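Colleague: pasting the first bit of my complex, frame unchanged:
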Amino acid sequence: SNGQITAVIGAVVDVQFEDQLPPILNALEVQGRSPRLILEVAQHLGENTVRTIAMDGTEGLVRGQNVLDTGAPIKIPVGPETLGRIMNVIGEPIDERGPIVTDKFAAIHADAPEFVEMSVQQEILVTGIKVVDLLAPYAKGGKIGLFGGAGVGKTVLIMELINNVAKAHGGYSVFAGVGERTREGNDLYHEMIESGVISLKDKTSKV
Amino acid sequence: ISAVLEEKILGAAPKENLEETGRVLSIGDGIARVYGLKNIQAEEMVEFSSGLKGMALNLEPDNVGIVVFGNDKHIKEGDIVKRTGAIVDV
């Protein structure tokens, strides 16, 4: 369950194992990195070595460095404790608010629901916004495109969607800033603090 | 004396019927390359250890490229793949 780094080419790390080869999409932790480097196995190359993609920077790595296989995919913390927090890809808190103390961890690669687990009725998710609930209704499980540029209340609409769903339906929300700018992310986080959806020390967070 | 030595050398390794059985050299993205399956045919259905199905599409000199009829998470490198003996049918 312990391997060694064979090759380092950009964000691609080839790591060679001895006894047990980790499966695809498993997470391997580099043992010499102080901000810990998690590598996700993308493919098996044969010869007991696997090709992995890096979740963080790669400068300073040396060949032969010890990598520990977790035996599972990237398990991120989940629960009510992650509400109002900011996490990176691997679940570490990056909002300087302390550790995320939880009891539930879940892998980020799971299976889709089956054909018998799906409802035949195409129910709509009522969101309490009159123009949305009348002219362009939101379907449960659907794909929704929210347009808007600068100067329009797109952020305010997003937070109103979060607040109305948490109030009318009792369901929370998750925001995922996939490749977002740091300035826009900081503005969104401070607007979420100001408008009360993200609440510090009150545990009334909704996103 | 020499023949017994080479028999011991052969017996140091496990016995595998590579004509009808194969070991997964690499499994990923629904496509598995296997060492073995010497009597496999083109487009022939195969069964994995986990119960999944596959189709032998590429007949390469070194390995056999098989497209997996299902998720590849249930297949590990070194698993046993056996021929169904027939082309893919429904």
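Modeller: On my side now, so go ahead. Residues are numbered from 1 along each chain as shown, chains lettered A, B, ... in the order given.
Colleague: could you look up the SS state of residue B:18?
Modeller: coil (DSSP: H, G, I helix; E, B strand; the rest coil).
Colleague: surely it meets residue B:38?
Modeller: Yes: between residue B:18 and residue B:38 a contact is recorded at 5.6 Å, counting by CB atoms under 8 Å. In short, each C-beta sits where N, CA and C put it, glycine included.
Colleague: can you pull the residues of chain A lying near chain B?
Modeller: Selection of chain A residues close to chain B by CB under 8 Å from any CB of the partner chain yields A:21, A:23-25, A:42-46, A:109, A:111.
Colleague: go through these and flag which are in strands.
Modeller: Cross-referencing the residues of chain A next to chain B against strands under DSSP state E gives A:42-44.
Colleague: mind listing the helices for chain B?
Modeller: Counting by DSSP state H, chain B has helices at residues B:2-12.
Colleague: any idea what the closest residue to chain A within it is bridged to?
Modeller: Nearest residue of chain B to chain A (CB to the nearest CB) works out as residue B:26 at 3.8 Å. Beta bridges link residue B:26 to residue B:33, judged by DSSP bridges.
Colleague: counting neighbours, what do you get for it?
Modeller: 20 (other CB atoms under 10 Å in any protein chain shown).
Colleague: excluding sequence neighbours, find me the nearest residue to the residue of chain A found nearest chain B.
Modeller: Of all residues in chain A, the one sitting closest to chain B is residue A:44 (3.8 Å; CB to the nearest CB). Sequence neighbours aside, residue B:26 is the residue nearest to residue A:44 in space, at 3.8 Å (criterion: CB to CB, 6 or more residues apart in numbering or on different chains).
Colleague: dump the residue contacts of that neighbour.
Modeller: A:43-46, B:32-33, B:77 (CB atoms under 8 Å, 6 or more residues apart in numbering or on different chains).
Colleague: next one: residue B:62
Modeller: residue B:35.
Colleague: so how far is residue A:82 from it?
Modeller: 47 Å (CB to CB, to the nearest Å).
Colleague: excluding its backbone neighbours, what's nearest the residue nearest in space to the middle of chain B?
Modeller: Nearest to the geometric centre of chain B sits residue B:22, at 2.3 Å (CA atoms, centre = their mean). Distances taken as CB to CB, 6+ apart put residue B:36 closest to residue B:22, at 3.2 Å, once the chain neighbours are dropped.
Colleague: my understanding was that the one you found contacts residue B:64; is that so?
Modeller: Yes: counting by CB under 8 Å, residue B:36 touches residue B:64, with 7.5 Å between them.
Colleague: so what sits against both of the two?
Modeller: residue B:22.
Colleague: identify the farthest-apart pair in the residues of chain A next to chain B.
Modeller: Using CB to CB, the residues of chain A next to chain B span at most 27.1 Å, a distance reached by A:46 and A:111.
Colleague: chain C follows; place it on the structure:
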Amino acid sequence: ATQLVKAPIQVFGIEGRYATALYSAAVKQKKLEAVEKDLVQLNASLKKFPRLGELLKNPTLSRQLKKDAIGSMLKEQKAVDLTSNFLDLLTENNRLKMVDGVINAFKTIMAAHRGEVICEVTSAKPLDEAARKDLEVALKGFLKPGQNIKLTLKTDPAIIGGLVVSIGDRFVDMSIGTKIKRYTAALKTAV
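Modeller: Take a look at chain C, now in place beside the chains above:
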């Protein structure tokens, strides 16, 4: 760098590099004939049992098992330290899958070292008595002193008659079948 006869042949490739390094190592010491005969015995043992070759050329098996099997089958051949180190170097770099090539490359040496030039003679029918010995006499004058002839004989009725002789540097097609073929081709293309 390496002290030798400075490439008696022109052998290329990574397997040629390994064979020339082994030749240099076995000519610095007086172990050239010993390493030649144990490599011949090793190649004969690999061709005798193809299961050993499949065991060596298996990427699934670890290299420690391969070098243990190599040492086990070299103990019974009563090998020397040079060929043991050569096979350990081959299995260290995972290049033992081409172990048939280097030995063949090592068979390409000790032909120019011993002066043996490969000659191939093909006839319409196999002949003897008045043949063979006069062919050897004719081929003996084709070499500078210090060189020998290694002759391989072939038969093929498709050449009608004559002889097809090939040496390691030149070829001659003085055969009846090719002669009448080009004569008929000339007659068709001209008349």
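Colleague: mind listing the helices in chain C by residue range?
Modeller: Going by DSSP H, chain C shows helices at C:13-28, C:32-48, C:50-56, C:63-75, C:81-92, C:99-108, C:133-140, C:176-190.
Colleague: close to chain B, is the fifth one?
Modeller: This means helix C:81-92. No: against chain B, helix C:81-92 shows no contacts by CB under 8 Å from any CB, the least distance being 14.6 Å.
Colleague: tell me, how many neighbours does residue A:152 end up with?
Modeller: Residue A:152 - counted by other CB under 10 Å - has 10 other residues nearby.
Colleague: same check, this time on residue C:15
Modeller: Residue C:15 has 20 nearby residues by other CB under 10 Å.
Colleague: nearest residue to it other than its sequence neighbours?
Modeller: residue C:101 (4.1 Å).
Colleague: and chain B, which residues reach chain C?
Modeller: Residues of chain B lying near chain C (CB under 8 Å from any CB): B:1-2, B:5-6, B:9-10, B:12-13, B:23, B:25, B:35, B:78.
Colleague: what subset of these is buried?
Modeller: For those, a neighbour count by 16 or more other CB atoms under 10 Å in any protein chain shown gives the buried set as B:6, B:9, B:23, B:25, B:35.
Colleague: so can I have a markdown table of those showing distance to residue A:170?
Modeller: A markdown table is the format used below for these (distance: CB to CB, whole Å):
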| residue | distance to residue A:170 |
| --- | --- |
| B:6 | 73 |
| B:9 | 69 |
| B:23 | 51 |
| B:25 | 50 |
| B:35 | 54 |
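Colleague: helix, strand or coil for the nearest residue to residue A:35 once chain neighbours are set aside?
Modeller: Sequence neighbours aside, residue A:56 is the residue nearest to residue A:35 in space, at 6.4 Å (criterion: CB to CB, 6+ apart). At residue A:56 the chain is in coil, as set by three-state DSSP.
Colleague: correct me, but residue A:56 touches residue A:38?
Modeller: Yes: when contacts are counted by CB under 8 Å, residue A:56 is listed as touching residue A:38 (7.3 Å).
Colleague: in terms of neighbours, single out the busier of the two.
Modeller: Of the pair residue A:56 and residue A:38, residue A:38 is the one with more neighbours under other CB under 10 Å, namely 22 against 16.
Colleague: list the contacts of the more buried one.
Modeller: Residue A:38 neighbours (CB under 8 Å, 6+ apart): A:27-30, A:54-56, A:74, A:89-90.
Colleague: ChimeraX command for the buried members of those?
Modeller: Buried residues among the contacts of residue A:38 (16+ other CB under 10 Å), as a ChimeraX selection:
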select /A:27,28,30,54,55,56,74,90
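Colleague: coming back round to it: widest-spaced pair of the residues of chain B next to chain C?
Modeller: B:1 and B:25 (35.7 Å).
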